[PDB]
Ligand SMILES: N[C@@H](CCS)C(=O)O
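Read the single chain below, which is given as C-alpha coordinates and is the form solved without this ligand.
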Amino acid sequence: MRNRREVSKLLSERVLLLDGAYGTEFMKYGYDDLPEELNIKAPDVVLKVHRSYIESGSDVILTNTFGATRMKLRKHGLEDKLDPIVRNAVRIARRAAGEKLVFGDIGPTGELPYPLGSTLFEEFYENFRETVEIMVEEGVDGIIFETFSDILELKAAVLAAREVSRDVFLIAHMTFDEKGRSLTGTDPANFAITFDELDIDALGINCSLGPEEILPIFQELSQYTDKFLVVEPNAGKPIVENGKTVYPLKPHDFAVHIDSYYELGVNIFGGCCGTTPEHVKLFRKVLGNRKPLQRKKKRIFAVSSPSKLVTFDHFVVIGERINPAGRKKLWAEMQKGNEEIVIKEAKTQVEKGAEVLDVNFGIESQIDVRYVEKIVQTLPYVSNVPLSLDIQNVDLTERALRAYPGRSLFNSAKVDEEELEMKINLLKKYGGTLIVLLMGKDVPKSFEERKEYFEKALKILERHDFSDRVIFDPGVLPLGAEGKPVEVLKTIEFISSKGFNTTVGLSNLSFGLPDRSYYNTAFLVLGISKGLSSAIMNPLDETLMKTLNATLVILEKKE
(Lines give C-alpha, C1' and ligand atoms only; values in the text may rest on other atoms or scores of the structure.)
Protein backbone atom coordinates (compact mmCIF):
# COMPACT_ATOMS: atom_id res chain seq x y z
CA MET A 1 0.00 0.00 0.00
CA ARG A 2 2.36 2.69 1.28
CA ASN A 3 5.99 2.74 0.13
CA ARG A 4 9.27 3.39 1.93
CA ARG A 5 9.38 7.10 1.14
CA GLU A 6 5.84 7.58 2.46
CA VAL A 7 6.53 5.65 5.66
CA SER A 8 9.80 7.56 6.06
CA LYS A 9 7.92 10.87 5.77
CA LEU A 10 5.45 9.80 8.45
CA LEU A 11 8.30 8.71 10.72
CA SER A 12 10.14 12.01 10.31
CA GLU A 13 6.97 13.71 11.57
CA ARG A 14 5.91 11.40 14.38
CA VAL A 15 7.10 8.57 16.63
CA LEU A 16 4.85 5.58 15.97
CA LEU A 17 3.41 2.95 18.28
CA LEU A 18 3.66 -0.75 17.42
CA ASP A 19 1.57 -3.55 18.94
CA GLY A 20 2.04 -6.30 21.53
CA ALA A 21 2.55 -10.06 21.79
CA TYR A 22 0.18 -12.40 19.95
CA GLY A 23 1.03 -15.93 21.01
CA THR A 24 0.27 -15.24 24.67
CA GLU A 25 -2.99 -13.50 23.75
CA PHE A 26 -4.03 -16.52 21.67
CA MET A 27 -3.32 -18.68 24.74
CA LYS A 28 -5.54 -16.50 26.94
CA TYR A 29 -8.28 -17.27 24.41
CA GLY A 30 -7.69 -21.00 24.75
CA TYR A 31 -5.60 -21.52 21.61
CA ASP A 32 -2.13 -23.00 22.18
CA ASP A 33 -1.74 -23.97 18.52
CA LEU A 34 1.30 -22.79 16.58
CA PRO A 35 0.39 -19.09 16.18
CA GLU A 36 0.85 -19.11 12.40
CA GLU A 37 -1.50 -22.08 12.06
CA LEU A 38 -4.39 -20.02 13.42
CA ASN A 39 -4.40 -17.99 10.21
CA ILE A 40 -6.01 -21.06 8.66
CA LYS A 41 -7.51 -22.93 11.64
CA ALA A 42 -9.08 -20.06 13.61
CA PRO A 43 -8.73 -16.74 11.72
CA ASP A 44 -11.28 -15.14 14.03
CA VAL A 45 -8.83 -15.41 16.93
CA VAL A 46 -6.09 -13.69 14.95
CA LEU A 47 -8.46 -10.91 13.89
CA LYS A 48 -9.59 -10.40 17.47
CA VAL A 49 -6.07 -9.82 18.78
CA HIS A 50 -5.18 -7.48 15.91
CA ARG A 51 -8.32 -5.49 16.67
CA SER A 52 -7.45 -5.36 20.35
CA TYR A 53 -4.16 -3.64 19.51
CA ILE A 54 -5.68 -1.28 16.96
CA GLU A 55 -8.30 -0.30 19.55
CA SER A 56 -5.49 0.19 22.08
CA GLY A 57 -3.95 2.76 19.76
CA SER A 58 -1.33 0.98 17.67
CA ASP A 59 -0.25 2.88 14.56
CA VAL A 60 1.32 -0.28 13.20
CA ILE A 61 0.45 -3.95 13.65
CA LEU A 62 2.58 -6.97 12.74
CA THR A 63 1.23 -9.86 10.69
CA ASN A 64 0.92 -13.22 12.47
CA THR A 65 3.83 -14.61 10.45
CA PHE A 66 6.92 -14.74 12.70
CA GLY A 67 7.61 -18.38 11.86
CA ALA A 68 6.11 -18.30 8.37
CA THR A 69 9.00 -19.22 6.06
CA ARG A 70 9.39 -22.61 4.39
CA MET A 71 12.47 -23.53 6.43
CA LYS A 72 10.70 -23.01 9.74
CA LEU A 73 7.23 -24.28 8.78
CA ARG A 74 8.84 -27.49 7.56
CA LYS A 75 9.72 -28.15 11.21
CA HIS A 76 5.99 -28.32 11.94
CA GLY A 77 4.90 -30.19 8.83
CA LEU A 78 3.36 -27.01 7.42
CA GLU A 79 5.73 -26.15 4.58
CA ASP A 80 2.99 -26.80 2.01
CA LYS A 81 0.79 -24.26 3.81
CA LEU A 82 3.16 -21.31 3.42
CA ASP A 83 0.99 -19.51 0.88
CA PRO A 84 -2.36 -19.69 2.65
CA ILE A 85 -0.76 -18.97 6.04
CA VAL A 86 0.94 -15.79 4.82
CA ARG A 87 -1.86 -14.58 2.54
CA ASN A 88 -4.49 -15.10 5.22
CA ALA A 89 -2.25 -13.38 7.79
CA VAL A 90 -1.93 -10.23 5.71
CA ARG A 91 -5.61 -10.15 4.75
CA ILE A 92 -6.67 -10.57 8.38
CA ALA A 93 -4.30 -7.85 9.58
CA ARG A 94 -5.42 -5.48 6.83
CA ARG A 95 -9.05 -6.08 7.80
CA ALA A 96 -8.21 -5.04 11.35
CA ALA A 97 -5.85 -2.16 10.53
CA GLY A 98 -8.04 -0.24 8.11
CA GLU A 99 -5.96 2.86 7.36
CA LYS A 100 -3.32 2.01 9.95
CA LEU A 101 -0.03 0.39 8.95
CA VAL A 102 0.45 -3.35 8.54
CA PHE A 103 4.04 -4.63 8.60
CA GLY A 104 4.96 -8.13 7.51
CA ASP A 105 6.66 -9.90 10.43
CA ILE A 106 9.40 -12.33 9.44
CA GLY A 107 11.45 -14.14 12.07
CA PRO A 108 14.58 -16.31 11.69
CA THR A 109 14.55 -19.94 10.54
CA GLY A 110 16.05 -21.48 13.65
CA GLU A 111 18.79 -22.83 11.37
CA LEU A 112 22.37 -21.61 11.85
CA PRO A 113 24.51 -20.82 8.82
CA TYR A 114 27.16 -23.25 7.60
CA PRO A 115 29.51 -24.21 9.24
CA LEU A 116 27.57 -23.93 12.51
CA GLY A 117 24.58 -25.34 10.68
CA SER A 118 24.24 -26.82 7.20
CA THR A 119 22.66 -23.82 5.43
CA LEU A 120 24.41 -21.73 2.79
CA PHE A 121 23.59 -18.06 2.18
CA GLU A 122 21.72 -18.78 -1.04
CA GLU A 123 19.26 -21.12 0.69
CA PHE A 124 18.42 -18.51 3.37
CA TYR A 125 18.02 -15.95 0.59
CA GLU A 126 15.50 -18.04 -1.37
CA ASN A 127 13.63 -18.92 1.83
CA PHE A 128 13.04 -15.29 2.79
CA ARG A 129 12.42 -14.18 -0.79
CA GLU A 130 9.38 -16.44 -1.01
CA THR A 131 7.67 -15.06 2.08
CA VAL A 132 8.44 -11.48 1.06
CA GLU A 133 6.86 -12.08 -2.38
CA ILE A 134 3.56 -13.06 -0.78
CA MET A 135 3.54 -10.13 1.65
CA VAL A 136 4.36 -7.57 -1.05
CA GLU A 137 1.60 -8.98 -3.27
CA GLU A 138 -0.90 -8.80 -0.43
CA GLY A 139 -0.01 -5.18 0.21
CA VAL A 140 1.97 -4.81 3.42
CA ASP A 141 3.21 -1.30 4.30
CA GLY A 142 6.62 -2.54 5.36
CA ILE A 143 8.50 -5.59 6.57
CA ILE A 144 10.32 -6.14 9.82
CA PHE A 145 12.85 -8.94 10.28
CA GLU A 146 12.30 -9.70 13.95
CA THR A 147 14.47 -11.34 16.57
CA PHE A 148 17.46 -12.26 14.43
CA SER A 149 20.44 -13.81 16.19
CA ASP A 150 22.91 -14.09 13.32
CA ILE A 151 24.15 -11.41 10.92
CA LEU A 152 24.55 -13.66 7.89
CA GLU A 153 20.99 -14.95 8.11
CA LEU A 154 19.74 -11.36 8.61
CA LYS A 155 21.85 -10.15 5.68
CA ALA A 156 20.33 -12.85 3.48
CA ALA A 157 16.86 -11.81 4.66
CA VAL A 158 17.22 -8.09 3.89
CA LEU A 159 18.95 -8.66 0.56
CA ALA A 160 16.19 -11.06 -0.51
CA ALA A 161 13.50 -8.59 0.55
CA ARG A 162 15.12 -5.68 -1.29
CA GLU A 163 15.47 -7.83 -4.41
CA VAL A 164 11.71 -8.53 -4.37
CA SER A 165 10.84 -4.85 -3.89
CA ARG A 166 12.96 -1.72 -3.90
CA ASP A 167 10.00 0.29 -2.55
CA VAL A 168 9.00 -1.62 0.59
CA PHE A 169 10.06 -0.14 3.94
CA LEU A 170 12.51 -2.62 5.50
CA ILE A 171 13.39 -2.92 9.18
CA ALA A 172 16.16 -5.18 10.49
CA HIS A 173 16.17 -6.31 14.14
CA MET A 174 18.73 -8.29 16.12
CA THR A 175 18.23 -9.59 19.63
CA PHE A 176 21.02 -9.28 22.19
CA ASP A 177 21.75 -11.08 25.45
CA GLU A 178 22.53 -9.37 28.75
CA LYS A 179 26.16 -9.09 27.64
CA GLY A 180 25.06 -7.13 24.58
CA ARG A 181 25.86 -9.91 22.09
CA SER A 182 23.81 -11.91 19.58
CA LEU A 183 23.92 -15.72 19.50
CA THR A 184 26.90 -15.70 17.13
CA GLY A 185 28.74 -12.82 18.82
CA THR A 186 27.54 -9.58 17.23
CA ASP A 187 27.36 -6.48 19.44
CA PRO A 188 25.26 -3.33 18.72
CA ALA A 189 28.06 -1.31 17.13
CA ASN A 190 28.95 -4.22 14.83
CA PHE A 191 25.28 -4.65 13.88
CA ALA A 192 24.86 -0.93 13.18
CA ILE A 193 28.09 -0.55 11.19
CA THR A 194 27.43 -3.64 9.10
CA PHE A 195 23.79 -2.91 8.33
CA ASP A 196 23.68 0.89 8.25
CA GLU A 197 25.21 0.81 4.78
CA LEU A 198 22.81 -1.76 3.34
CA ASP A 199 19.66 -0.58 1.59
CA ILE A 200 17.33 -0.98 4.56
CA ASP A 201 15.26 1.78 6.16
CA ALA A 202 15.48 1.12 9.89
CA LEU A 203 17.37 -0.89 12.50
CA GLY A 204 16.09 -2.02 15.87
CA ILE A 205 16.25 -4.36 18.85
CA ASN A 206 13.58 -6.68 20.24
CA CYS A 207 13.22 -9.58 22.68
CA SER A 208 15.71 -11.23 25.10
CA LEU A 209 15.70 -8.33 27.55
CA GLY A 210 13.44 -5.86 29.32
CA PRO A 211 13.29 -2.08 28.72
CA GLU A 212 15.87 -1.26 31.40
CA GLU A 213 18.44 -3.78 30.11
CA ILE A 214 18.05 -2.79 26.44
CA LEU A 215 18.60 0.92 27.08
CA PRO A 216 22.43 0.87 26.99
CA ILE A 217 22.38 -1.58 24.07
CA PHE A 218 19.92 0.62 22.17
CA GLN A 219 22.10 3.63 22.94
CA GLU A 220 25.14 2.00 21.34
CA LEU A 221 23.09 1.08 18.27
CA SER A 222 21.79 4.64 17.90
CA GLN A 223 25.28 6.11 17.92
CA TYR A 224 26.39 4.17 14.85
CA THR A 225 23.47 4.54 12.45
CA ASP A 226 21.40 7.42 11.10
CA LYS A 227 18.58 5.20 9.88
CA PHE A 228 15.21 5.05 11.65
CA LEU A 229 15.26 3.19 14.98
CA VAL A 230 12.82 0.70 16.47
CA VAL A 231 12.61 -1.06 19.82
CA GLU A 232 10.35 -3.77 21.27
CA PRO A 233 11.61 -4.83 24.74
CA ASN A 234 10.16 -7.80 26.59
CA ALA A 235 7.95 -6.89 29.55
CA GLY A 236 10.89 -6.98 31.95
CA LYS A 237 13.19 -9.81 33.01
CA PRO A 238 11.70 -13.33 32.88
CA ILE A 239 10.50 -15.16 36.00
CA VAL A 240 9.26 -18.71 36.39
CA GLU A 241 5.76 -19.25 37.77
CA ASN A 242 3.87 -22.55 37.86
CA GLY A 243 6.76 -23.96 35.85
CA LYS A 244 6.49 -21.41 33.04
CA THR A 245 8.47 -18.37 31.91
CA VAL A 246 6.53 -15.11 32.22
CA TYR A 247 7.43 -11.45 31.68
CA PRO A 248 5.59 -9.61 34.54
CA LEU A 249 6.47 -5.94 33.98
CA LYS A 250 3.18 -4.07 34.41
CA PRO A 251 1.97 -1.30 32.02
CA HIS A 252 3.07 1.64 34.17
CA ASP A 253 6.53 0.26 34.95
CA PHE A 254 7.00 -0.47 31.25
CA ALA A 255 5.54 2.81 29.97
CA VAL A 256 7.83 4.97 32.12
CA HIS A 257 10.73 3.94 29.87
CA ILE A 258 9.24 5.51 26.77
CA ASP A 259 10.89 8.87 27.50
CA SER A 260 14.35 7.30 27.81
CA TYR A 261 13.98 5.74 24.35
CA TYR A 262 12.53 8.90 22.91
CA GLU A 263 15.62 10.73 24.16
CA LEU A 264 17.80 8.25 22.26
CA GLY A 265 15.97 8.92 18.99
CA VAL A 266 13.53 6.01 18.75
CA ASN A 267 11.08 6.22 15.85
CA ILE A 268 8.81 3.25 16.55
CA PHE A 269 8.16 1.85 20.01
CA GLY A 270 6.40 -1.37 20.93
CA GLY A 271 6.49 -4.35 23.25
CA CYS A 272 7.60 -7.96 22.81
CA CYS A 273 7.11 -10.88 25.23
CA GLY A 274 4.57 -10.27 27.97
CA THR A 275 3.10 -7.22 26.25
CA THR A 276 -0.70 -7.04 26.22
CA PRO A 277 -3.42 -4.72 24.90
CA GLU A 278 -3.38 -3.12 28.37
CA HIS A 279 0.31 -2.29 27.93
CA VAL A 280 -0.25 -0.77 24.49
CA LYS A 281 -3.20 1.31 25.74
CA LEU A 282 -0.93 3.00 28.25
CA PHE A 283 1.92 3.33 25.74
CA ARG A 284 -0.52 5.24 23.53
CA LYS A 285 -1.45 7.64 26.34
CA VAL A 286 2.16 8.18 27.43
CA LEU A 287 3.72 8.43 23.97
CA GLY A 288 1.12 10.84 22.63
CA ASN A 289 2.17 12.86 19.58
CA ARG A 290 5.92 13.53 19.44
CA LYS A 291 8.30 14.48 16.65
CA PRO A 292 11.42 12.27 16.63
CA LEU A 293 14.83 13.65 17.63
CA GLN A 294 17.40 14.49 14.95
CA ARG A 295 19.42 11.50 13.76
CA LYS A 296 23.18 11.51 13.20
CA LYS A 297 25.96 9.00 13.90
CA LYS A 298 29.59 8.49 14.88
CA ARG A 299 31.80 7.58 11.93
CA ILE A 300 34.63 5.05 12.05
CA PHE A 301 36.54 2.84 9.64
CA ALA A 302 36.05 -0.79 10.61
CA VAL A 303 35.46 -4.27 9.20
CA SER A 304 33.74 -7.17 10.89
CA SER A 305 32.96 -10.83 11.34
CA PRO A 306 29.98 -12.07 13.39
CA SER A 307 31.93 -11.84 16.66
CA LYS A 308 34.61 -9.26 15.97
CA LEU A 309 34.64 -5.60 14.98
CA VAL A 310 38.09 -4.44 13.85
CA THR A 311 38.50 -0.66 13.99
CA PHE A 312 41.49 0.86 12.22
CA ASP A 313 42.57 2.97 15.20
CA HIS A 314 45.66 0.81 15.80
CA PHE A 315 48.01 -1.17 13.57
CA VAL A 316 46.05 -4.00 11.94
CA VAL A 317 47.83 -7.23 11.04
CA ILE A 318 46.25 -8.79 7.94
CA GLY A 319 47.30 -12.43 7.51
CA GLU A 320 48.61 -13.15 4.01
CA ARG A 321 48.85 -16.97 4.28
CA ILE A 322 45.59 -18.12 2.67
CA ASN A 323 47.02 -17.54 -0.80
CA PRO A 324 48.04 -20.52 -3.03
CA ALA A 325 50.62 -18.51 -5.01
CA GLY A 326 53.91 -20.36 -4.59
CA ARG A 327 52.27 -22.94 -2.32
CA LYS A 328 52.05 -26.34 -4.02
CA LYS A 329 50.38 -28.16 -1.13
CA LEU A 330 47.79 -25.47 -0.41
CA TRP A 331 47.01 -24.93 -4.09
CA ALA A 332 46.46 -28.66 -4.56
CA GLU A 333 44.16 -28.91 -1.54
CA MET A 334 42.08 -25.87 -2.53
CA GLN A 335 41.47 -27.49 -5.91
CA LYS A 336 40.14 -30.61 -4.18
CA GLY A 337 37.88 -28.58 -1.89
CA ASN A 338 39.85 -29.12 1.33
CA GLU A 339 38.29 -26.84 3.95
CA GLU A 340 40.16 -28.09 7.02
CA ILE A 341 43.55 -27.05 5.66
CA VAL A 342 42.30 -23.49 5.13
CA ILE A 343 40.64 -23.48 8.56
CA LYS A 344 43.91 -24.50 10.21
CA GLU A 345 45.77 -21.82 8.25
CA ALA A 346 43.23 -19.27 9.45
CA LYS A 347 43.26 -20.31 13.10
CA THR A 348 47.05 -20.41 13.22
CA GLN A 349 47.46 -16.89 11.84
CA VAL A 350 44.88 -15.55 14.29
CA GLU A 351 46.63 -17.33 17.16
CA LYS A 352 49.82 -15.55 16.08
CA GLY A 353 48.31 -12.06 16.02
CA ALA A 354 46.38 -11.66 12.76
CA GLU A 355 43.25 -9.53 13.26
CA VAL A 356 42.06 -9.82 9.64
CA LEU A 357 42.72 -12.57 7.09
CA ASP A 358 43.39 -12.11 3.38
CA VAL A 359 41.75 -14.87 1.35
CA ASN A 360 42.75 -15.60 -2.24
CA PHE A 361 41.97 -18.63 -4.39
CA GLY A 362 44.81 -18.40 -6.91
CA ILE A 363 43.69 -19.25 -10.44
CA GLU A 364 39.96 -18.79 -9.83
CA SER A 365 39.01 -20.64 -13.02
CA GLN A 366 40.16 -23.87 -11.36
CA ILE A 367 38.28 -23.41 -8.07
CA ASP A 368 34.73 -24.49 -7.24
CA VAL A 369 32.49 -21.53 -6.41
CA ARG A 370 30.68 -23.56 -3.75
CA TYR A 371 34.02 -24.13 -2.02
CA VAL A 372 34.60 -20.37 -2.11
CA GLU A 373 31.16 -19.71 -0.63
CA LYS A 374 31.76 -22.23 2.14
CA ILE A 375 35.21 -20.82 2.93
CA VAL A 376 34.06 -17.19 2.85
CA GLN A 377 31.13 -18.11 5.07
CA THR A 378 33.16 -20.41 7.34
CA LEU A 379 36.34 -18.52 8.25
CA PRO A 380 34.72 -15.59 10.08
CA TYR A 381 32.94 -18.04 12.40
CA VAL A 382 35.75 -20.52 13.07
CA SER A 383 38.69 -18.09 13.09
CA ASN A 384 36.54 -15.34 14.65
CA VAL A 385 38.08 -12.57 12.53
CA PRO A 386 37.08 -10.47 9.47
CA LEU A 387 38.31 -11.22 5.97
CA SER A 388 40.09 -9.27 3.26
CA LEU A 389 38.50 -10.77 0.12
CA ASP A 390 41.35 -11.08 -2.39
CA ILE A 391 39.36 -11.85 -5.54
CA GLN A 392 39.95 -10.85 -9.17
CA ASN A 393 36.86 -12.07 -11.05
CA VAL A 394 33.99 -9.60 -10.67
CA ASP A 395 31.52 -12.49 -10.79
CA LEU A 396 33.19 -14.42 -7.97
CA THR A 397 33.52 -11.15 -6.11
CA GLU A 398 29.75 -10.73 -6.03
CA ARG A 399 29.19 -14.29 -4.81
CA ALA A 400 31.73 -13.74 -2.04
CA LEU A 401 30.38 -10.35 -0.97
CA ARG A 402 26.81 -11.67 -0.82
CA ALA A 403 27.75 -14.58 1.45
CA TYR A 404 30.19 -12.66 3.64
CA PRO A 405 29.06 -12.61 7.31
CA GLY A 406 29.78 -9.00 8.22
CA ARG A 407 31.49 -5.97 6.68
CA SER A 408 34.53 -7.04 4.67
CA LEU A 409 37.63 -5.44 3.24
CA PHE A 410 37.89 -6.02 -0.50
CA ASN A 411 41.40 -6.49 -1.79
CA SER A 412 42.44 -3.95 -4.38
CA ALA A 413 40.77 -2.03 -7.14
CA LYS A 414 43.41 -0.33 -9.26
CA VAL A 415 43.12 3.35 -10.14
CA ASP A 416 40.98 2.70 -13.20
CA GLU A 417 37.55 4.27 -13.66
CA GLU A 418 35.79 1.15 -14.94
CA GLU A 419 37.31 -1.19 -12.35
CA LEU A 420 36.68 1.19 -9.44
CA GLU A 421 33.07 1.98 -10.34
CA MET A 422 32.41 -1.72 -10.80
CA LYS A 423 33.82 -2.73 -7.40
CA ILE A 424 32.41 0.35 -5.68
CA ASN A 425 28.92 -0.59 -6.86
CA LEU A 426 29.24 -4.13 -5.56
CA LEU A 427 30.39 -2.84 -2.18
CA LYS A 428 27.54 -0.30 -2.06
CA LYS A 429 25.02 -3.09 -2.57
CA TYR A 430 26.49 -5.75 -0.29
CA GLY A 431 28.50 -3.60 2.09
CA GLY A 432 32.22 -3.41 2.66
CA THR A 433 35.39 -1.36 2.40
CA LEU A 434 37.95 -1.22 -0.39
CA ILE A 435 41.70 -1.37 -0.78
CA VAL A 436 42.68 0.98 -3.60
CA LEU A 437 46.04 0.09 -5.15
CA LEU A 438 47.93 3.10 -6.51
CA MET A 439 48.61 1.87 -10.03
CA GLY A 440 46.72 1.64 -13.31
CA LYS A 441 48.26 2.15 -16.72
CA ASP A 442 51.56 0.59 -15.58
CA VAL A 443 53.21 0.66 -12.15
CA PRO A 444 54.32 4.00 -10.66
CA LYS A 445 58.07 4.45 -10.23
CA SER A 446 58.22 7.50 -7.97
CA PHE A 447 56.48 9.27 -5.10
CA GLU A 448 55.24 11.94 -7.50
CA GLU A 449 53.55 9.36 -9.73
CA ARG A 450 51.94 7.57 -6.79
CA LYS A 451 50.66 10.93 -5.58
CA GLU A 452 49.00 11.50 -8.95
CA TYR A 453 47.32 8.10 -8.77
CA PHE A 454 46.19 8.93 -5.24
CA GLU A 455 44.64 12.22 -6.34
CA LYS A 456 43.00 10.63 -9.37
CA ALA A 457 41.58 7.97 -7.06
CA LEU A 458 40.21 10.57 -4.64
CA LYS A 459 38.48 12.32 -7.53
CA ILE A 460 36.77 9.10 -8.61
CA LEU A 461 35.90 8.11 -5.05
CA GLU A 462 34.46 11.57 -4.38
CA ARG A 463 32.18 11.42 -7.42
CA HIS A 464 30.85 8.09 -6.16
CA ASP A 465 30.48 9.16 -2.52
CA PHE A 466 32.89 6.44 -1.39
CA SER A 467 35.85 8.41 -0.01
CA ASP A 468 35.19 7.20 3.54
CA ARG A 469 35.28 3.48 2.73
CA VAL A 470 38.81 3.02 1.40
CA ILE A 471 42.32 2.06 2.52
CA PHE A 472 45.21 2.99 0.23
CA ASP A 473 47.95 0.60 -0.88
CA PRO A 474 50.87 2.66 -2.27
CA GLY A 475 52.19 -0.39 -4.07
CA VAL A 476 55.36 -2.00 -2.74
CA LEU A 477 57.65 -3.24 -5.52
CA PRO A 478 60.42 -5.89 -5.43
CA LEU A 479 63.76 -4.58 -4.18
CA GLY A 480 65.50 -6.67 -6.83
CA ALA A 481 63.54 -5.10 -9.67
CA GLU A 482 64.55 -1.67 -8.35
CA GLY A 483 61.40 -1.11 -6.32
CA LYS A 484 62.67 2.14 -4.77
CA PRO A 485 60.99 1.51 -1.37
CA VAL A 486 61.87 5.04 -0.24
CA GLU A 487 59.31 6.36 -2.72
CA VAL A 488 56.71 4.13 -1.06
CA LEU A 489 57.57 5.35 2.44
CA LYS A 490 57.11 8.93 1.23
CA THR A 491 53.73 8.01 -0.23
CA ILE A 492 52.64 6.40 3.04
CA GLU A 493 53.61 9.56 4.92
CA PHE A 494 51.72 11.72 2.44
CA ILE A 495 48.51 9.66 2.54
CA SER A 496 48.60 9.32 6.32
CA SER A 497 48.94 13.09 6.68
CA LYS A 498 45.71 13.38 4.68
CA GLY A 499 43.79 11.21 7.12
CA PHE A 500 43.48 7.99 5.11
CA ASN A 501 44.36 4.49 6.26
CA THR A 502 47.09 2.65 4.36
CA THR A 503 48.25 -0.91 3.82
CA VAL A 504 50.86 -2.76 1.78
CA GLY A 505 51.47 -6.24 0.43
CA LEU A 506 54.62 -6.39 2.53
CA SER A 507 56.09 -9.59 1.13
CA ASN A 508 56.17 -8.31 -2.46
CA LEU A 509 59.16 -6.22 -1.36
CA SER A 510 61.36 -9.29 -0.93
CA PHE A 511 59.91 -11.90 -3.32
CA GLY A 512 63.16 -13.05 -4.88
CA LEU A 513 65.94 -12.55 -2.34
CA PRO A 514 67.32 -14.26 0.79
CA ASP A 515 66.76 -12.91 4.30
CA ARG A 516 63.42 -11.60 3.06
CA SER A 517 62.25 -11.70 6.68
CA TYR A 518 64.73 -8.96 7.55
CA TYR A 519 63.86 -6.79 4.57
CA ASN A 520 60.17 -7.20 5.40
CA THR A 521 60.85 -6.30 9.04
CA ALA A 522 62.94 -3.22 8.25
CA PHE A 523 60.34 -1.93 5.81
CA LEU A 524 57.42 -2.50 8.17
CA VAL A 525 59.13 -0.66 11.04
CA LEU A 526 59.95 2.22 8.71
CA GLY A 527 56.44 2.19 7.27
CA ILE A 528 54.79 2.32 10.68
CA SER A 529 57.01 5.28 11.62
CA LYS A 530 55.51 7.10 8.62
CA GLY A 531 51.90 6.29 9.46
CA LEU A 532 51.29 2.87 7.90
CA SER A 533 48.11 1.63 9.56
CA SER A 534 48.08 -2.00 8.43
CA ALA A 535 49.87 -4.57 6.32
CA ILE A 536 49.12 -7.82 4.54
CA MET A 537 51.94 -9.85 6.06
CA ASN A 538 53.12 -13.22 7.36
CA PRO A 539 52.05 -13.56 11.02
CA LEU A 540 54.06 -16.78 11.30
CA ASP A 541 57.30 -14.82 10.85
CA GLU A 542 58.29 -14.64 14.52
CA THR A 543 61.02 -12.07 13.89
CA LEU A 544 58.62 -9.80 12.03
CA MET A 545 55.84 -10.07 14.61
CA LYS A 546 58.14 -9.63 17.60
CA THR A 547 59.82 -6.57 16.09
CA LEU A 548 56.39 -5.20 15.15
CA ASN A 549 55.19 -5.46 18.74
CA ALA A 550 58.43 -3.88 19.94
CA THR A 551 57.91 -1.04 17.47
CA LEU A 552 54.38 -0.36 18.71
CA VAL A 553 55.50 -0.33 22.34
CA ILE A 554 58.40 2.00 21.51
CA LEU A 555 56.11 4.37 19.61
CA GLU A 556 53.68 4.31 22.54
CA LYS A 557 50.89 2.77 20.48
CA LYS A 558 50.51 -0.03 23.01
CA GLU A 559 52.50 -2.13 25.49
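Sequential numbering from 1, following the sequence displayed.
Only in words, not in the display: the form deposited with this ligand bound, which the text now covers.
Of the candidate stretches 248 to 256, 482 to 490, 111 to 119, 272 to 280, only 272 to 280 has residues whose heavy atoms lie within 4.5 Å of this ligand in the deposited bound form.
Contact here is defined as any heavy atom lying within 4.5 Å of this ligand in the deposited bound form, and by that definition each of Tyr22, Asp105 and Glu146 is a contact residue. Comment: this ligand is not present in this chain, but in the deposited bound form one of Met71, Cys207, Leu78, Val158 has a heavy atom within 4.5 Å of it, namely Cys207.
Contact with this ligand in the deposited bound form, defined as a heavy atom within 4.5 Å, holds for exactly one of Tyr519, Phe500, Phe66, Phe494, namely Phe66. Taking the partner from the other structure, this ligand in the deposited bound form has no heavy atom within 4.5 Å of any heavy atom of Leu532. Using a 4.5 angstroms limit between non-hydrogen atoms, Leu62 touches this ligand in the deposited bound form.
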